[PDB]
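To start, the structure itself, in structure tokens.
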Amino acid sequence: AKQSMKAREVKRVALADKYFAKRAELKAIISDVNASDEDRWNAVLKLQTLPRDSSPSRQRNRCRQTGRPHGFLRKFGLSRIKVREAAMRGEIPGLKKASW
Amino acid sequence: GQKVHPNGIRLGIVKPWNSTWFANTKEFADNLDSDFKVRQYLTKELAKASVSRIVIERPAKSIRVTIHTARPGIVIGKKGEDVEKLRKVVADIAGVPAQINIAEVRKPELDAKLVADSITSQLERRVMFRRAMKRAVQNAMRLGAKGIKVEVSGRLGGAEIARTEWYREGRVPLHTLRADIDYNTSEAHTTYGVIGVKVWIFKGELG
Amino acid sequence: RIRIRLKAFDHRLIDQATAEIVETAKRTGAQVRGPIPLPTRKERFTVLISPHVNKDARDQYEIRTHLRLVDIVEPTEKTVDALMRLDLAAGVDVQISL
Amino acid sequence: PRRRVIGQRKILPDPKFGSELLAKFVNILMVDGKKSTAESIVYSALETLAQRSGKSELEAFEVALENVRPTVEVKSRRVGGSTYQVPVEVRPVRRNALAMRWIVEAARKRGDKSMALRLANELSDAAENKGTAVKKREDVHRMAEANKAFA
Amino acid sequence: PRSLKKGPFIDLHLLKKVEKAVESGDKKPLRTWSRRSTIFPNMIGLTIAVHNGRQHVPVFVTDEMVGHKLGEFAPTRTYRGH
Amino acid sequence: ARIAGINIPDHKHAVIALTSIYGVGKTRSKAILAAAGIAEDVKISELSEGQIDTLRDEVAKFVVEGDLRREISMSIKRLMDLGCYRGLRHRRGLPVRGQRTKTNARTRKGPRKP
Amino acid sequence: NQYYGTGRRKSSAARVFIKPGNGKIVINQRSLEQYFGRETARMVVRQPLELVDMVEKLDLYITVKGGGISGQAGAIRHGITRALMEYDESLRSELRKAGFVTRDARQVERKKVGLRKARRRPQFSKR
RNA sequence: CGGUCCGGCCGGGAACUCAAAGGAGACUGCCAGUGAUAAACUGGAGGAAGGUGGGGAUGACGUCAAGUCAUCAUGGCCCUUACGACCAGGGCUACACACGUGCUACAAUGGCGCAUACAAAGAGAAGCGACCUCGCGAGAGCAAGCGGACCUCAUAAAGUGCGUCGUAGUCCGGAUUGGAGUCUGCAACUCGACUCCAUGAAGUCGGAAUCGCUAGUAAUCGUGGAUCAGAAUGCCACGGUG
Ligand SMILES: [Mg+2]
Ligand SMILES: [Mg+2]
Ligand SMILES: [Mg+2]
Ligand SMILES: [Mg+2]
Ligand SMILES: [Mg+2]
Ligand SMILES: [Mg+2]
Ligand SMILES: [Mg+2]
Ligand SMILES: [Mg+2]
Ligand SMILES: [Mg+2]
Ligand SMILES: [Mg+2]
Ligand SMILES: [Mg+2]
Ligand SMILES: [Mg+2]
Ligand SMILES: [Mg+2]
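Chains as they are written, first to last, in PDB author numbering: chain s, 2 to 101; chain h, 2 to 208; chain o, 5 to 102; chain l, 2 to 152; chain x, 2 to 83; chain r, 2 to 115; chain n, 4 to 130.
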């Protein structure tokens with residue numbers, strides 16, 4: 002990916018970290034069946050207002066070396082290619098060419 | 002392109018892992034990242050110091066970085082000021098309190114990575130690539146390799162078309178899993194772009 | 005009573021470590037119900053070997069997470085203490101649980 | 002099999018009658034690896050035949066097979082350039098199998114309701130030579146006969 | 002579509018703008034980008050210029066357009082024929 | 002054997018027979034049967050007049066046959082009038098529900114001409 | 004004394020406990036007729052016994068985990084054979100002839116990258 | 001083996017399954033024939049496995065200046081108040097059309113309905129989410145348990161046993177579209193999935209042509225995973241039947 006893309010991702014991550022609780026509460030309120038309608042509406046409005054980059058579903062899991070927006074693996078936090086590179090070198094622990 | 006990485010195919014067989022630690026699915030990625038960063042730092046810093054294999058072992062929230070280098074004295078410095086700076090920076094990178102060991106690479110001409118680095122250096126400072134390769138081959142033979150291959154590729158001597166040249170003196174059995182095929186790569190960023198140097202040093206058969 | 009779970013990736017290493025732990029246990033106190041083998045969590049990751057296209061080409065890696073249950077059922081004062089500080093650790097995750 | 006002249010696989014004999022041939026037939030019939038259904042169907046067919054014929058369960062089947070069992074069939078050559086449909090005296094292991102296949106095909110083709118019923122009908126026809134399998138066999142024979150010129 | 006418990010969505014800015022417009026009763030088509038917004042009963046009578054990527058297509062809001070989203074009446078692709 | 006306008010198959014089982022009525026499928030038919038007090042297995046042959054009447058009444062309780070058609074059609078018309086994306090799709094004879102049209106729209110597109 | 008045999012076939016792992024006298028087949032605390040509804044499986048289970056002398060000569064309490072039906076049956080058969088061998092040892096001659104001592108090594112072939120199944124390749128459009 | 005909540009659940013037991021760790025075992029080693037007395041081949045015994053046992057990983061020198069400067073690196077050139085950067089909306093989902101690869105079908109070896117048996121492999125803490133309640137259902141509410149051979153995903157489905165439909169464009173087929181919804185997520189209009197009710201296209205085995213597969217293979221049946229908030233008929237795995 003571009004440096005710019007990476008930066009954006011970082012920013013998004015930061016925002017999520019910041020607003021997690023603030024937005025989480027709102028979400029909870031919205032969910033609440035035994036709660037006021039107006040209150041719920043207000044909560045929703047607040048959520049809408051909040052910066053979108055603070056939403057965790059607006060984060061694309063990039064490779065932590067390259068920034069690749071695809072071929073991702075959460076075990077490693079890397080692009081497939083990068084994992085392969087690491088794997089060959091011995092830099093991922095326990096990982097080895099599997100056969101069965 | 003279809004040669005499985007000699008290190009990687011033998012990783013449970015006759016090769017040790019560089020990263021030797023355990024982690025659960027949450028932190029594993031983070032750990033890996035940390036390792037990468039520290040490797041990068043060491044690479045940048047210990048460029049003149051002929052470093053080969055930097056091993057990362059992290060028990061009890063504390064890293065142990067066993068660096069394998071041909072020049073310990075330059076990496077150690079006087080007493081341990083050089084080491085101290087490195088260690089501190091590693092710690093900073095990681096988060097945990099760090100250690101940093103410095104293993105001597107006796108016979109550095111038999112360490113593949115080192116050889117590759119040397120070749121790359123030669124390429125950079127504008128010598129005949131082929132000659133350099135030959136020299137490397139000779140050195141390995143002298144030092145006692147059961148066999149060595151080295152392989153340079155792309156933009157050799159400023160040639161427009163990209164040639165890939167390689168000398169393989171001795172026995173270098175890549176298919177044999179029990180073979181200690183110590184392999185590594187290094188990229189020479191010459192005036193005509195990249196010359197990519199691979200090297201395989203069959204140090205011996207194991208059992 | 006004492007439930008010691010060893011998790012690691014290399015099997016030889018875990019066996020050695022496990023053995024060491026058992027030895028530590030036995031000498032300093034009593035009981036110890038042996039190195040129990042638990043099922044190896046095999047983590048198959050299939051990745052596209054290529055940087056671009058060539059999907060049928062692939063590398064299928066795995067992370068064999070080996071588990072070893074020690075299980076000690078007689079906590080002497082000397083012995084209970086010993087497993088925390090004395091044991092040391094290589095590339096192993098040791099989870100003791102009382 | 003360019004190099005590997007090999008021994009064929011030893012099937013389990015049919016559970017009800019202990020007949021290898023019957024088992025083979027069932028297998029042939031079967032689709033989607035549903036031996037269970039297929040075998041049941043076969044059994045039903047056999048029963049039906051027995052009810053109709055009155056001879057036996059397996060004997061009748063054998064008889065039916067016999068009347069769709071091709072003595073000679075055709076095979077290609079191309080020696081010089083054009084076609085030569087040389088007849089060949091088919092092997093007795095294969096012969097039964099071929100017949101069975103034909104029968105199955107006939108059953109598949111047929112307009113009756115249940116598969117088993119259709120199969121039974123086909124068998125009956127074979128026994129009295131006037132169904133589809135029998136016709137096929139006849140055709141094959143004719144083909145062979147015409148090309149008996151080549152031998 | 003959107004859950005009945007969660008309440009029908011409207012873009013906050015558009016809601017405010019619409020309210021203002023209703024309050025004044027001044028007409029004059031509202032420039033809108035948020036196409037993802039359920040039309041309200043209060044929005045009936047107004048003209049809202051819903052974005053279509055390129056331009057703001059002006060939709061006169063009818064009584065029949067309520068439970069619909071704004072972008073429904075604002076076709077983004079301009080296809081005629083091959 | 003008339004119910005809610007159209008005729009119903011005399012041989013077929015009630016659950017299935019009912020399904021013939023526009024606006025009842027399987028589940029609704031079943032429901033109707035339940036309401037009546039009839040089993041699913043019985044046919045319209047061997048089904049009494051009184052029995053039938055109840056069923057008919059039950060069916061009437063749902064918006065069925067011509068009424069349903071009128072309703073659905075009306076909805077479509079409304080959509081068209083709106084000129085909402087959906088309406089546009091309807092008018093064009095292209096997939097409303099968000100399918101690919103590049104390929105495989107043949108139901109709504111119709112059988113291809115060139 | 005319990006003459007016994009471990010039986011495995013496909014993913015099933017039967018374990019057969021033979022005891023002399025009579026002949027009742029208990030499969031997972033259920034009858035042979037209950038457990039295996041299909042006849043073929045039953046036949047397979049009984050096959051070795053049939054081959055050897057048995058009418059009311061030995062009971063067999065068995066339990067089988069794993070696999071499906073046919074595989075399970077096979078496993079059971081294998082176990083039975085093993086048990087017989089343990090009991091007598093001279094029965095091997097017959098068993099061998101039958102092809103029954105043979106643990107059927109056929110496991111399902113792993114799915115292989117590129118191929119849709121073990122061997123089925125995807126459809127090949129040449130141009 | 002004793003006790004009974006007839007549940008391995010509980011004393012217990014280390015047998016068996018099972019779980020991994022270390023071994024033994026397969027090498028034409030042995031017998032017979034053929035073969036130059038050689039290699040070896042054919043057959044035979046033993047053996048779980050037989051002649052590379054099965055499956056995988058393993059891809060020589062090179063080829064196609066094959067693919068990738070959009071993983072990443074990188075020579076060169078070019079842009080540098082724009083070919084850089086931030087945002088909102090739209091598009092990548094367009095649709096006379098043509099091709100590829102799939103799934104679902106066309107049905108009775110089937111569907112539908114009720115009862116009932118048998119898997120393997122996995123995944124899971126911003127997670128998996130029993131039980132109980134509400135909800136026809138997708139799901140909702142409360143909420144243990146479990147970084148997991150424990151708890152959960154999670155009742156395998158084909159199958160089997162009864163019943164029904166009786167060859168129909170049908171109780172096949174499910175497209176399509178109307179209505180009502182559920183969940184995710186600031187947000188489901190463009191443009192998600194799944195649900196319910198309704199709707200019920202084409203399609204009755206496919207022209208020329210053409211692909212896959214030699215065994216636990218094909219065929220068929222399901223199940224899991226990865227990425228992923230959500231969203232697979234794709235991919236990667238797993239077993240069943242065969
Ligand atoms: Mg960059
Ligand atoms: Mg996302
Ligand atoms: Mg390869
Ligand atoms: Mg209807
Ligand atoms: Mg399969
Ligand atoms: Mg090899
Ligand atoms: Mg945007
Ligand atoms: Mg696209
Ligand atoms: Mg998942
Ligand atoms: Mg149907
Ligand atoms: Mg038609
Ligand atoms: Mg083959
Ligand atoms: Mg998902």
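The C-beta atom is built at its ideal place from N, Cα and C for all residues, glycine as well.
Restricting attention to beta strand (DSSP E) runs no shorter than 3 residues, the stretch 54 to 82 of chain l encloses them at 74 to 76, ordered along the chain. At a C-beta separation below 8 Å, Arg80/n has no neighbours in chain l, since its nearest C-beta there lies roughly 11 Å away.
Sixteen is the threshold: since fewer than 16 other Cβ atoms of the shown chains lie within 10 Å of the Cβ of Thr72/l, the residue is exposed. Contact between the stretch 111 to 118 of chain n and the stretch 50 to 58 of chain n is absent: fewer than 3 CB-CB pairs across the two stretches fall below 8 Å.
Scanning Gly158/h, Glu206/h, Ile162/h and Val195/h for the CA closest to the CA of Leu175/h turns up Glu206/h.
Between the beta-carbon of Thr22/o and that of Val77/o there is about 17 Å, and that puts the pair past the 8 Å contact cut. Secondary structure note for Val97/r: it is in no beta strand (DSSP E), with a DSSP letter that is neither H nor E. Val60/x and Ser32/s have their C-alpha atoms spaced approximately 33 Å apart. Judged by DSSP in its simplified three-state form, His142/l adopts helix. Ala76/n sits away from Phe20/n, with the two beta carbons spaced by 8 Å or more. When rounded, the separation of the alpha-carbon atoms in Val60/r and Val16/r is 12 Å. Taking non-hydrogen atoms of ligand 2 into account, the C-beta of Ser58/s is found less than 7 Å away from one of them.
Counting along the chain, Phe20/n sits inside the beta strand (DSSP E) bounded by residues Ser15 to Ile30.
Boundaries of the beta strand (DSSP E) around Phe49/o: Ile40 to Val51. Neighbourhood of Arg48/o in chain n, by CB distance below 7 Å: empty, with the nearest CB roughly 11 Å away.
For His176/h, the shortest separation between its Cβ and any heavy atom of ligand 6 lies below 7 Å. Rounded to the nearest angstrom, the gap between the Cα atoms of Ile4/r and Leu95/r is 35 Å. When C-alpha distances from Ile40/o are compared across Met88/o, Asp85/o, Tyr65/o and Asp19/o, the shortest belongs to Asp19/o. Look at the stretch 6 to 34 of chain h: the residues with a C-beta under 7 Å from a C-beta of chain o are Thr21, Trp22 and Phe23.
Here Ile7/r is not near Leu19/r, since their CB atoms are 8 Å or more apart. Pairing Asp140/l with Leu13/l, the inter-Cα distance amounts to about 33 Å. Counting only residues of its own chain and dropping the five nearest sequence neighbours on each side, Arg41/n has a CB closer than 7 Å to the CB of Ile72. At a cut-off of 3 residues, the continuous stretches assigned as beta strand (DSSP E) that sit fully inside the stretch 47 to 75 of chain x are 48 to 52 and 57 to 61. By DSSP's assignment, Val111/n forms no beta bridge with any residue.
DSSP links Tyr44/l through a beta bridge to no other residue. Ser46/r has its alpha-carbon roughly 17 Å from the corresponding atom of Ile22/r.
For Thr192/h, the secondary structure class from DSSP, reduced to helix, strand or coil, is coil. The beta carbons of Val32/l and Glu40/l sit no closer together than 8 Å. Interface residue (Cβ-Cβ distance to chain o less than 8 Å): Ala117/h is not classified as such. Remark: the C-beta of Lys3/s is in contact range of ligand 1, defined as less than 7 Å to any heavy atom.
Nearest CB-CB separation between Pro2/l and chain n: not below the 8 Å threshold. A Cβ of chain s is located within less than 8 Å of the beta carbon of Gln64/o.
Within the stretch 78 to 99 of chain o, contact with chain h at the beta-carbon level (separation under 8 Å) is assigned to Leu92, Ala93, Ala94, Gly95, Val96 and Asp97. Separation of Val19/x and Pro9/x (C-alpha to C-alpha, rounded to the nearest whole angstrom) is 16 Å. For chain o, the residues of the stretch 57 to 89 of chain h that bring a beta carbon within less than 7 Å of one of its beta carbons are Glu58, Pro60 and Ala61, in chain order. Under the DSSP assignment, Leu87/n falls in the alpha helix (DSSP H) whose first and last residues are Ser73 to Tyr90.
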